[PDB]
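Form deposited in one PDB entry, single chain, as structure tokens, below.
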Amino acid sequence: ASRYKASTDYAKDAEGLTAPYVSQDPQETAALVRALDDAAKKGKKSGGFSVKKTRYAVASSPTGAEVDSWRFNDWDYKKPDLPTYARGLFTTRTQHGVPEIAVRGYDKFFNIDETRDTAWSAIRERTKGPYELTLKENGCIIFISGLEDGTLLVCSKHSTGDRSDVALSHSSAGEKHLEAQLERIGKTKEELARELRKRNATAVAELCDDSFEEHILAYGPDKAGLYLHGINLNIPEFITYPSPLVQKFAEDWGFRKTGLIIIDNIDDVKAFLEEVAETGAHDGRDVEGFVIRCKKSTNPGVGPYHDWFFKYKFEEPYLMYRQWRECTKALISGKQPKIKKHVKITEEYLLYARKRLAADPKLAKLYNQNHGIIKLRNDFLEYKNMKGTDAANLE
């Protein structure tokens, strides 16, 4: 029962939905900031969860605006009573002195079985549908929101602007894609900034482009850009747009859309995902995973029903691809490649990569920082006349 196809045509059928909207309450915001500030302090006896606070200056801002970036230790999201479970999280102060949340990412979410809420029996017991299955595009996260002075603010996970630590920051690369996107549709940055603040919202995109930072699936000049997969309200709890409205927003401001499947029964979700994982491909395309969005309650009884995510990552051929990338990277340096799984095909792939790497050295260094990764992978894939799925089950 894989006769669910991914679609990016929901947008205009989103006509009957209203996007969630709540205004920020400055007392509760300022209360969150003192909770994070106390977690950011390194000598206390109590308050057992740590945060790192990095302010950031918004270079493009006329008010001289600044934002603080809040980063938790990864394991703290598995503790109860965090002041917020937002992963990316930026606060600021309006030019009229009001404290605000500038950027609110998703709640930290986990893969199946990596926590006890992500066990299949638990998802079947505490969640409620319809389950939204969104394509997990493979890139780097970008946050976009609008400040009170009209500044359009572009963040990566945890950072914004230019840093003395990298050659071109993720957020700058993202901001440059956003500028091209808007001019192509005759809209400007301040209109997007004005819009996102009007919705009290952070836009959540995946930046996917091999010219910048190539991951495990390819994004050429054709595919490159920002894929929109979420809009969240800039408030302490997690309230997110249903995906049809995200697709409508993507269409109104030029983002690439994230594919969506809605499945009503959770047993159909589980049967679906495990069926796609036998090939790692869907509808002719290869896919690293789905993000499943749905509603969950703390304990299945009286009380909550908050928006909740879990990931389903497809386990092959992608582990093989990783091994081929790390083995190719190992063989450019003075280190023997490690072969852990897929021994027979991996030594065939290494056999061929060595022929092409000795032919021109200029391949051999574009692979340190990664050019040619998928190209080298797909070149042998059909040198041997194989889809990566078939190579992965040669064993």
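By rigid core we mean the largest C-alpha set that fits within 1.5 Å across both forms. Shifts are known only where both forms have a C-alpha. So that there is no doubt, residue numbering starts at 1 and follows the sequence shown.
Omitted from view is the form deposited in another entry, to which the following refers.
Peer 1: Give the option from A271, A180, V166, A119 whose C-alpha shifts by 2 Å or more between this form and the one not shown; the alignment is on the rigid core.
Peer 2: It is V166.
Peer 1: Spell out whether the Cα of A358 moves at least 2 Å between this form and the one not shown when the two forms are superposed on their rigid core.
Peer 2: Yes; that C-alpha moves by at least 2 Å between this form and the one not shown.
Peer 1: Closer or farther: how do the CA atoms of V166 and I231 lie in that other deposited form, compared with the form shown, if the change is at least 3 Å?
Peer 2: Farther, not closer.
Peer 1: After superposing on the rigid core, which segments of 3 or more consecutive residues have every C-alpha shifted by 2 Å or more between this form and the one not shown?
Peer 2: The segments that shift (3 or more residues, C-alpha shift of 2 Å or more) are 164 to 166, 358 to 362.
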